[PDB]
Every structure is written in C-alpha cells, then in structure tokens.
C-alpha cells in the first residue's frame, strides 16, 4: 500500500512543488516517479534505488527506507511540469510495481503586479449572454462557488505554456437570470 502527500497541489509559476510518498516494505528495492500529462499516460520521470538525494534537472528525490518516505521536489515549478504524479515502487525485479494514490499538481499563473479587476465580457454571436472575468487577483485569494442554484464560479485556472508574461489568469462567473450584478456578494475572500 503506497499513498501520496496531497491529493491536490496548485502552486504559482515559481514555487517548489513538494510531493511525498509512503511504502510499507522497508526493503523495497526501488521507487519510481511517473509524470502524467493531460493527454498522455504516465511517463517515467525519475528513480531512487539508494538512501539519500538524487538531483536531476530541477528535480530532487529523497528516500528513507528507515522512514518509508520518498519525496519528489520540483524547484522553479513550470507551467510545463503540471500533471499527475504517480509514485510506484518496484520492490524487486521479479515483482510488478505497486502504485500510489497519485497527486494532481497544477501550476497557477503567478501574479506579480496584483491588479484585481471584475470585468464583464459579452457574447458577440448575439444573445443577451454575458459573463464575469475576475482577473489579476493575488496568489492567495481562495475560491469556493456561488450564492444560489442559478450561478457558477469557477476556481483559478491552469496555465499551459513555457514562455511569456501575458499568461492569462482569472476566475469566471455566470448567472442564469439577467438580474444578478457582476460583482455580487461574493462567497469568497475578496481584496481591493
């Protein structure tokens, strides 16, 4: 039985993403870290056989067979390295892997000039369709959902690209009657 540290990890575009793992057979001969991009299956990212550190790129992995704990740390997390992270353990050549619970690591955009704005955008291809874009809000403001059974908030999104500075961000909301203000009594933490 192998378990992993957070089910869920979101970090801005610069953090150290730190996932952990836990096997049971202290003697397990090997521990593997597999990455799972959206649209791929697990590709193998990195291996530990011995008790210590193993840097590889901006990765380090540390094992403790007298602590049963393997951990993978990503330094300078990138949009690009957001994926599912499976911690398998090959306790022997002749055994198959025993897989982990997983970890959905995701790299939020990092907003260095917090300039929050509730904008509202409009459906060109007509109707009375509009929605709200809550953009450029700090790396701290949390996001549950809305006030009724006729509204939707969506949490902070997830970047996909290695390079630029205009890497879009924001929550978005929409309602199901034209009555509700695009800046309603928001069920979340807000900051001007």
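Residue numbers count along the first chain shown, from 1.
For the segment pair 106 to 114 and 80 to 88, the entry gives 106 to 114 the higher mean B-factor, averaged over Cα atoms. On average the C-alpha atoms of 122 to 130 have higher B-factors than those of the other stretch, with 122 to 130 and 33 to 41 being the two compared. Residues shown: 48, 59, 153, 68. Highest C-alpha temperature factor in the entry: 68. Looking at the C-alpha B-factors along this chain, the one for residue 149 belongs to the highest third. In this PDB entry, residue 28 carries a Cα temperature factor that places it within the middle third of its chain's modelled residues. Ranked by C-alpha B-factor against the other modelled residues of its chain, residue 169 falls in the middle third.
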